[PDB]
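Colleague: Mind having a look at this structure? Questions to follow.
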There are 4 protein chains.
Amino acid sequence: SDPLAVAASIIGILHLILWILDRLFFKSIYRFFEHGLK
Amino acid sequence: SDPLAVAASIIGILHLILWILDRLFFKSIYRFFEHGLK
Amino acid sequence: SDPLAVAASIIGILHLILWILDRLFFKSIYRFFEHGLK
Amino acid sequence: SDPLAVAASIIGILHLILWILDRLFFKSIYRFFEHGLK
């Protein structure tokens with residue numbers, strides 16, 4: 001009886017996991033790093 | 001009835017939106033990197 | 001009395017600590033930078 | 001009904017602030033980047 005609390009748990013896991021994963025994939029690190037670096 | 005909880009949710013949404021958007025956009029990565037590097 | 005709330009707490013502490021240590025730790029920065037630079 | 005939730009608020013806002021300030025404040029990116037390198 002607290003969707004807000006559930007919102008906190010789901011957004012927390014989604015946030016941390018989304019971050020690390022977004023970082024590791026294949027060449028994301030080098031793709032974004034080189035893209036931003038002209 | 002729970003500003004604290006609302007603080008958690010709003011903080012999360014703002015966190016993800018600012019993180020992603022700030023990261024991309026008009027070659028933001030280069031703007032932040034050049035800002036810290038004077 | 002609130003696994004959901006308590007769970008959230010663990011996620012936050014784990015998030016901050018994981019972030020800082022992940023960055024450091026035997027200069028992990030170089031580990032992630034070299035590994036990602038396949 | 002979640003004294004821990006409070007800790008979640010301070011840790012979350014503090015986390016965000018730490019990220020932004022740490023990134024930009026005084027050639028910080030250069031400190032971490034040059035630290036992991038050497």
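A note on labels: chains of the structure tokens are A, B, ... as shown, every chain counts residues from 1, and ligands are counted from 1 in their shown order.
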Residual C-alpha RMSD for chain D onto chain B, least squares, all atoms in order?

Modeller: 1.3 Å

Colleague: Tell me, counting only C-alpha atoms, for each residue of chain B within 7 Å of chain D, which pair of atoms is nearest and how far apart they are in Å to one decimal, in rows ordered by chain and increasing number, as JSON lines.

Modeller:
```
{"residue": "B:4", "atom": "CA", "partner": "D:6", "partner_atom": "CA", "distance": 6.8}
{"residue": "B:7", "atom": "CA", "partner": "D:9", "partner_atom": "CA", "distance": 6.8}
{"residue": "B:8", "atom": "CA", "partner": "D:9", "partner_atom": "CA", "distance": 6.0}
{"residue": "B:36", "atom": "CA", "partner": "D:27", "partner_atom": "CA", "distance": 4.8}
{"residue": "B:37", "atom": "CA", "partner": "D:27", "partner_atom": "CA", "distance": 5.4}
```

Colleague: To one decimal in Å, tell me the separation between atom CA of residue 14 of chain D and atom CA of residue 3 of chain B.

Modeller: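 That distance, rounded to one decimal, is 17.1 Å.
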
Colleague: Could you give me the residues within chain A that DSSP places in alpha helix (DSSP H), as an MDAnalysis selection string?

Modeller: chainID A and resid 3:23 28:36

Colleague: Please, what distance in Å, to one decimal, runs between atom CA of residue 38 of chain B and atom CA of residue 31 of chain A?

Modeller: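 Between atom CA of residue 38 of chain B and atom CA of residue 31 of chain A the gap is 24.4 Å.
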
Colleague: Rounded to one decimal place, report the atom CA of residue 21 of chain A-atom CA of residue 34 of chain A distance in Å.

Modeller: 18.8 Å
